[PDB]
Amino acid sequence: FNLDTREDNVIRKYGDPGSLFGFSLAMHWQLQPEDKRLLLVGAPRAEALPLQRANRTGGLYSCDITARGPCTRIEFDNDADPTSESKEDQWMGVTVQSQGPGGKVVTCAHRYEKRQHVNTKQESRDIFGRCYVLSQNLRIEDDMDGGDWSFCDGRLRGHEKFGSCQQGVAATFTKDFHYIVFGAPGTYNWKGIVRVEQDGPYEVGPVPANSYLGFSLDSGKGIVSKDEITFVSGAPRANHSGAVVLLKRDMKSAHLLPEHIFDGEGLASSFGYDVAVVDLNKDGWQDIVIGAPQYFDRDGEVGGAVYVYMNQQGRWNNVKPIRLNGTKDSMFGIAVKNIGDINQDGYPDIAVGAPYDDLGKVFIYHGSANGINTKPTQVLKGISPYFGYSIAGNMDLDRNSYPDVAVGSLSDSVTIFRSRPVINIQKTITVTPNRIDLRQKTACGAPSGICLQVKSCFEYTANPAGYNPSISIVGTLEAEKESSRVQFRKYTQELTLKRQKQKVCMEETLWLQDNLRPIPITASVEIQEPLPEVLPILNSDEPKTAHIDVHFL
């Protein structure tokens, strides 16, 4: 609820029309040259660079929100050699991923091709794909850093083996800085494989031909074992429904073995287009969120679905999934992302993109102790079509202890939402004559002869710990919801709280009247208040009100 959508505060950055700026985006934390928080944006149809012999090759951008206006292209891959390769329509920046804070960055071009015997009767074209690793500063400097990753090149050719493997549509780093993971969906007659690199490269060969394994990737410890790493890869074409595979790296061999296989119910549901690893209930066992954008059922009013698989101590066969459904042909679930804990309640949250929900929508779902909360706590909407095709988050951009969310597009735009701090306000209510005695008369001003002094006191707690800001509230006391047996001398006071855990009270006397069942008094608060500043939002997932019943005797 706390993503700031006030269009004063919403950050929008644009790119050249036709470049697919915003197709893929990742949060990066550059650390030791300077501490800068960036948002890496892929534009796979970006106009080519001069010495690339192509009309459009794609590139990677880097948007600093602390900086002004246009994002900057990262300069790399200006190579071109017509006798050996082709970068025309190579889709550089089809994916981009951060390794971590101060870590490396991988971006890939999955239609990069390697040619031989050009202009000759024996000309060959192989769509290998290739990947670039960059430093935390977006540059080629270390030796394993930079350069090209094209593991398919040099292995048995033909579409039956590695001829059309198309490495790089999916790529990710394991979070312990140990490995880098590649997806190559064309391998073995479009079976697809996953490749773990940086003891000995581990590959596959699990799923049949024409399944596109390696189309999506995620990884984490705590999927199957709490300190064994598991590789999650979707295969959206498997059996014309889709599937997702949990991959472990074998102790002895250089092979990835399938620990478990989810598969989708719907025909052509693209089950596994995107996967996400997230511990939604924070029970120490990572759960698995799987998107099926083209999910379509016999009735045909749901369009797209997301499958939330709740982990059970690393055992998945008994797990039944919570399925979020999308509106009619909305592509709900083409992007599922672990966005971290945007309201800082202690449970990670997820975002789900639905690019054809009118102009596009991104649904935000809350983590809970009972798993996922199926009702979206916030819905972001786009102002240009196909908003929400890509998401990223789980990094604090403006340094306010709260992670932020960035949403891509097919319309050459990227939108950044920043999280408002969450004020938890505790309410107390004390009516000091606890019980009403109608046979008792008193010197107060009520012609009744009977009065009640109702006092309510407000503290506010908030995350982080040192966040002790000005909060100017408006307390409101009211009684008798629906006759009107009491009346004040609706009471509203305008309060103010200087710092956390410090009470501030308001008090007023309620006059009874002459002519039985308890009176309810309720107190409520509402926050009121005046690169820009985000303002706190009241925690709206706590009770709005505090209540009390005074009982006649």
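Start at 1 with the first residue shown and count on from there.
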**Request:** For the stretch from residue 198 to residue 199, please bin the deposited residues that the model skips: none, 1 to 3, 4 to 9, or 10 or more.
**Result:** 10 or more
**Request:** Enter the number of deposited residues without atomic coordinates between residue 530 and residue 531, binned as none, 1 to 3, 4 to 9, or 10 or more.
**Result:** 4 to 9
**Asked** Which has higher Cα B-factors on average according to the PDB entry: 402-410 or 450-458?
**Response** 450-458
**Prompt:** Given the B-factors recorded for C-alpha atoms, which segment has the greater mean, 187-195 or 146-154?
**Reply:** 146-154
**Request:** Would you mind checking which of 283, 357, 141, 287 has the top Cα temperature factor in the PDB entry?
**Result:** 141
**Residue of maximum C-alpha B factor among 43, 505, 27, 48, per deposited coordinates** = 505
**Message:** Can you tell me whether residue 20 has a C-alpha B-factor in the lowest, middle or highest third compared with the other modelled residues of the same chain?
**Reply:** lowest
**Request:** Among all modelled residues of this chain, ranked by Cα B factor, put residue 362 in the bottom, middle or top third, i.e. lowest, middle or highest.
**Result:** lowest
**Prompt:** C-alpha B factor of residue 79, ranked within the chain: lowest, middle or highest third?
**Reply:** highest
**Request:** Would you check the entry's CA temperature factor for residue 524 and let me know if it's in the chain's lowest, middle or highest third?
**Result:** middle
**Message:** Please place residue 300 in the lowest, middle or highest third of its chain according to the CA B-factor in the PDB entry.
**Reply:** highest
